[PDB]
Amino acid sequence: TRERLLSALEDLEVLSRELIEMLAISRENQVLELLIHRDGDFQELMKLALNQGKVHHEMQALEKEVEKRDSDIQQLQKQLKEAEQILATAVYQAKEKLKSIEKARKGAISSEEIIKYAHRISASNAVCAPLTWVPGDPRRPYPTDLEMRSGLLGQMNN
Amino acid sequence: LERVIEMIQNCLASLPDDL
């Protein structure tokens, strides 16, 4: 606290100046109080100087140590974060590939179902692949126009 | 997984950055 020490020193100096002026104008308790204030100010100044040196040394040491530790920790954290991002991208690609492989292996078509579809579809153009059958060609899913729209679904089943 | 060894080098980089 530089403010308190400066105030004490200024008060001691003012008391000393007043005592000197009184002694010069003349030819006790005031001088004793001024001397006690000056001694207390000197002791407080010495103690504050020692404490300030100690605090400066400790602040420099702690600043250097904390800067080194924080720089090391931040560098390690950034490196670990980049490595974890790379590993997470790799694991995400691997999980996507594994899900695709599972959907490819666990899912399959039935031979008997396809054989029955071919045996029952060889009558009309329902699920048969024509020669010029591109996406959006005249091939449709319905068996016929009159057999589906005007057939049993439209007449008997409405 | 071999790149993990590179991260292990970062651990060495953690040793050299401490001085």
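Of everything listed in (1) within 14 Å of chain B (Cβ to nearest Cβ); (2) surrounded by 11 or more Cβ atoms within 10 Å (Cβ to Cβ); (3) of a type outside the set (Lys, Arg), the single unmet condition for residue A:88 is (2).
Does residue A:120 fit the bill of being surrounded by 12 or more Cβ atoms within 10 Å (Cβ to Cβ), of a type in the set (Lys, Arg), out of contact with any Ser or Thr (no Cβ under 7 Å at 6 or more places or on another chain) and more than 30 Å from residue B:15 (Cα to Cα)? Yes, satisfied. Residue-level check: of (1) under 25 Å from the mean Cα position of the chain (by Cα); (2) more than 14 Å from chain B (Cβ to nearest Cβ); (3) surrounded by 14 or more Cβ atoms within 10 Å (Cβ to Cβ), residue A:8 misses just (1).
Filtered by the rule that a residue be over 10 Å from residue A:79 (Cα atoms), at the interface with another protein chain (Cβ under 9 Å from one of its Cβ atoms) and assigned to a helix (DSSP H, G or I), chain B gives B:3, B:4, B:6. The condition of being within 14 Å of chain B (Cβ to nearest Cβ) and either assigned to a helix (DSSP H, G or I) or closer than 30 Å to residue B:4 by Cα (or both) holds for only one of A:54, A:68, A:97, A:103, that being A:68.
Among the candidates A:21, A:13, A:82, the residue that is surrounded by 12 or more Cβ atoms within 10 Å (Cβ to Cβ) and either aliphatic (A, V, I, L, M) or more than 30 Å from residue B:4 (Cβ to Cβ) (or both) is uniquely A:13. For the range A:56-76, filtered to residues that are under 14 Å from residue B:15 (Cα atoms) and polar (S, T, N, Q), the residue that is surrounded by the most Cβ atoms within 10 Å (Cβ to Cβ) is A:75.
No Cβ is skipped: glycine too gets one built from the backbone with ideal geometry, and neighbour counts run over all protein chains shown. Rule-based calculations on the coordinates, nothing more; no lab input.
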